[PDB]
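Only one chain is shown below, in structure tokens, and it's the form deposited in one PDB entry.
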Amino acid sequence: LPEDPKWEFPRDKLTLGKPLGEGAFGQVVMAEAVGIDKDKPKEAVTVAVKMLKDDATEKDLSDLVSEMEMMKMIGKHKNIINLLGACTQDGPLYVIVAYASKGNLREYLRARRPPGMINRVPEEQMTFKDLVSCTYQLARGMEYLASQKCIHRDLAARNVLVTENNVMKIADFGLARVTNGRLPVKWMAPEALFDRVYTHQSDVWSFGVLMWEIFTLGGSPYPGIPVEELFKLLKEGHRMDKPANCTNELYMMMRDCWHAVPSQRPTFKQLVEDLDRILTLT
């Protein structure tokens, strides 16, 4: 495994902590990184470390490598979880990213639901403005990703992180690129599912589902519809209903992201424009 000296971080300066999240390509662990942030080279920084699980396969290691390299290409942005360094030599591969203390977006929202709908934070109940602000931030992050020639391909509320300052951060770049068989079906545009094509306009379709996840405060898309039956219903023009806490203005935005003709969906730029207007009148 070849070293990248710009990004390499000394293992002895990294202290691993509690698990934060896990799946079947790797796990995420809280850690402390002494000197990783060279704007403050003396300071310990709380970070997140992505690493293989004990039952990892070779493909898992390959995928983790690809994810690290994709995050080097992406760059830095307010609304994107950023790469801080890596441990690649003499030990397990550690990909060190910024820490988001309030967890993933789906799970921030569900804990901040109104009454009547172990983890609840009722003190921080979501307002309608919080939701549009959430959406504005994520549209900003996607506008930047597209400007850097990057398709995310796995946009979803579970792949958004929330910092201690409630800043939305797009995360999990394991599927990102400059088949499509590994993309979650309920978030995918039909041209991605059917024609094996992925553009920025496919990400705009996923953004619409993400919008729906947000205005349901973390609901599950196409509820009661199994993935197997979703292929047919999309080809017949089915779309999700308006969430209650969603304006019709914002509902038409979702529907514009879900246009059958991809070149006809909004751009992330236009979505940022529109959301900025809506956010200003709340």
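Position 1 is the first residue in the sequence shown; the rest follow in order.
This protein has a second form, the form deposited with a partner chain bound, left out of what is shown; the following refers to that one.
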(message) Against its partner chain in the entry with it bound, would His77 count as a contact residue? Criterion: heavy atoms within 4.5 Å.
(response) no
(request) Examine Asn159 and determine whether its closest non-hydrogen atom to its partner chain in the entry with it bound is within 4.5 angstroms. (result) yes
(request) With heavy atoms only and a cut-off of 4.5 Å, decide whether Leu183 touches its partner chain in the entry with it bound. (result) yes
(message) I'd like to check something about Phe207: if you look in the entry with it bound, is any of its heavy atoms closer than or equal to 4.5 Å to a heavy atom of its partner chain?
(response) no
